[PDB]
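Chemist: Here it is: the structure, laid out below.
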Amino acid sequence: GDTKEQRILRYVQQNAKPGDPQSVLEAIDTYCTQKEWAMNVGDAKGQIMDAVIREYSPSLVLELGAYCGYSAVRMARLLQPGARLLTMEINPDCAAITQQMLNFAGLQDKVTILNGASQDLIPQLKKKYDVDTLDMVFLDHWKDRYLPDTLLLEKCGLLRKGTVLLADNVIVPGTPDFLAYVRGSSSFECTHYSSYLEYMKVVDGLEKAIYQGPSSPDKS
Ligand SMILES: COc1ccc(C2(c3cc(-c4cn(C)nc4C)[nH]n3)CC2)cc1
Ligand SMILES: [K+]
Ligand SMILES: [Mg+2]
């Protein structure tokens, strides 16, 4: 049975060129702009993502919610050699599409795709995937999971001082608990990046949250 996600991949494979991540991004955005809407794409958002990768030059990136691979392709194309992206996708068919998308784009050696739920996989990163700490986390999965998975990342020792969290859709449909927490906490230095959703004619935004280290115990 045909699916939207299969159609997106087919359109890339037909129209983009293998080993050219930019042609892949442009094919996805054209398709989602002209044929059918899809989650987790957008060049405008992608501009902001590019700037963060460019500025912080992360060597180890965790993505939550790969979907079809748009953001994984977007990020991995800007990674230095030896840098790596781990991306998590809870739906197995979407994981498969993300893998072929990345393969087509020629980025398969930079990315590891994990098929499972974030709260199950995150505490396995140290033991299973030889992670010390993450340089950057991109959150674009289930919105009610942004806050818990962030606390879970902290818990598991995966965050270091200077780790960049970048969270999408914090305005539409919104992640109010997450925003209140990271903005209200001294453990996160937060910058908001507005980005206009052109055809819904509404402002969304990303939140950048830089980890500052954990809250210190009471002293005297
Ligand atoms: C209904 O709104 C949606 C539906 C699907 C998604 C997507 C997603 C979410 C996850 C996920 C959830 N957990 C707990 N862990 C992981 C990993 N993977 N992929 C993007 C495809 C985003 C928003
Ligand atoms: K804060
Ligand atoms: Mg999204």
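Labeling convention for the structure tokens: chains A, B, ... as they appear, residues from 1 per chain, ligands from 1 in order of appearance.
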List as a PDB file with C-alpha atoms, in the first residue's frame the protein and nucleic acid residues lying within 7 Å of ligand 3, with only C-alpha atoms and all ligand atoms counted.

Modeler:
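Below is the file that was written, out-v1.pdb:
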ATOM      1  CA  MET A  39       5.741  16.861   8.974  1.00  0.00           C
ATOM      2  CA  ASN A  40       9.269  17.935   9.886  1.00  0.00           C
ATOM      3  CA  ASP A 140      11.227  17.169  16.727  1.00  0.00           C
ATOM      4  CA  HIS A 141       9.295  14.121  17.919  1.00  0.00           C
ATOM      5  CA  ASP A 168      11.112  22.652  16.792  1.00  0.00           C
ATOM      6  CA  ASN A 169       7.377  23.452  16.918  1.00  0.00           C
TER       7      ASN A 169
END

Chemist: Can you pull out every residue with an atom within 9 Å of ligand 1? Use only C-alpha atoms and all ligand atoms and format it as an MDAnalysis selection string.

Modeler: chainID A and resid 39:40 63:68 87:91 94:95 114:121 140:145 149

Chemist: Need to verify the contact set: residue 26 (chain A), 12 Å, only C-alpha atoms, exclusion of same-chain residues closer than 2 positions in sequence. Can you return it as a PyMOL selection string?

Modeler: chain A and resi 8+11-12+15-17+20-24+28-34+41-44+46+70+73-74+105

Chemist: Taking only C-alpha atoms into account, which of A:170, A:211, A:220, A:176 comes nearest residue 192 (chain A)?

Modeler: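 Residue with the minimum atom-to-atom distance to residue 192 (chain A): A:170.
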
Chemist: Considering only C-alpha atoms and all ligand atoms, give me a table of residues in chain A that are at most 6 Å from ligand 2, with the closest atom pair and distance in Å for each, as JSON lines.

Modeler:
{"residue": "A:182", "atom": "CA", "partner": "ligand 2", "partner_atom_place_in_ligand_line": "1 (K)", "distance": 4.9}
{"residue": "A:183", "atom": "CA", "partner": "ligand 2", "partner_atom_place_in_ligand_line": "1 (K)", "distance": 3.4}
{"residue": "A:184", "atom": "CA", "partner": "ligand 2", "partner_atom_place_in_ligand_line": "1 (K)", "distance": 4.6}
{"residue": "A:185", "atom": "CA", "partner": "ligand 2", "partner_atom_place_in_ligand_line": "1 (K)", "distance": 4.2}
{"residue": "A:186", "atom": "CA", "partner": "ligand 2", "partner_atom_place_in_ligand_line": "1 (K)", "distance": 4.8}
{"residue": "A:188", "atom": "CA", "partner": "ligand 2", "partner_atom_place_in_ligand_line": "1 (K)", "distance": 4.4}
{"residue": "A:189", "atom": "CA", "partner": "ligand 2", "partner_atom_place_in_ligand_line": "1 (K)", "distance": 4.8}
{"residue": "A:190", "atom": "CA", "partner": "ligand 2", "partner_atom_place_in_ligand_line": "1 (K)", "distance": 5.7}

Chemist: Once you have the residues from the selection above, write them out as a JSON list (two decimals), in the first residue's frame, restricted to N, CA, C and O atoms.

Modeler:
[["chain", "number", "residue", "atom", "x", "y", "z"],
["A", 182, "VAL", "N", 12.76, 25.25, 30.44],
["A", 182, "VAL", "CA", 14.13, 25.57, 30.06],
["A", 182, "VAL", "C", 14.39, 27.07, 30.21],
["A", 182, "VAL", "O", 15.50, 27.46, 30.57],
["A", 183, "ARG", "N", 13.37, 27.88, 29.97],
["A", 183, "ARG", "CA", 13.51, 29.32, 30.16],
["A", 183, "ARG", "C", 13.57, 29.69, 31.64],
["A", 183, "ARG", "O", 14.32, 30.57, 32.04],
["A", 184, "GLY", "N", 12.78, 29.00, 32.46],
["A", 184, "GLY", "CA", 12.75, 29.26, 33.89],
["A", 184, "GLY", "C", 13.93, 28.70, 34.65],
["A", 184, "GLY", "O", 14.22, 29.13, 35.77],
["A", 185, "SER", "N", 14.64, 27.74, 34.06],
["A", 185, "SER", "CA", 15.74, 27.09, 34.77],
["A", 185, "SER", "C", 17.09, 27.73, 34.48],
["A", 185, "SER", "O", 17.38, 28.06, 33.35],
["A", 186, "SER", "N", 17.94, 27.85, 35.50],
["A", 186, "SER", "CA", 19.28, 28.42, 35.30],
["A", 186, "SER", "C", 20.21, 27.44, 34.59],
["A", 186, "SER", "O", 21.32, 27.79, 34.20],
["A", 188, "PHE", "N", 19.62, 26.24, 31.69],
["A", 188, "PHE", "CA", 19.50, 26.45, 30.24],
["A", 188, "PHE", "C", 19.47, 27.93, 29.86],
["A", 188, "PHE", "O", 18.63, 28.68, 30.34],
["A", 189, "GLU", "N", 20.39, 28.32, 28.99],
["A", 189, "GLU", "CA", 20.37, 29.65, 28.41],
["A", 189, "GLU", "C", 19.64, 29.60, 27.07],
["A", 189, "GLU", "O", 20.10, 28.94, 26.14],
["A", 190, "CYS", "N", 18.52, 30.31, 26.97],
["A", 190, "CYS", "CA", 17.58, 30.11, 25.87],
["A", 190, "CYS", "C", 17.45, 31.27, 24.88],
["A", 190, "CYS", "O", 17.31, 32.43, 25.27]]

Chemist: Which of these residues is nearest to residue 204 (chain A), using only C-alpha atoms: A:69, A:123, A:148, A:173?

Modeler: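 Nearest to residue 204 (chain A): A:173.
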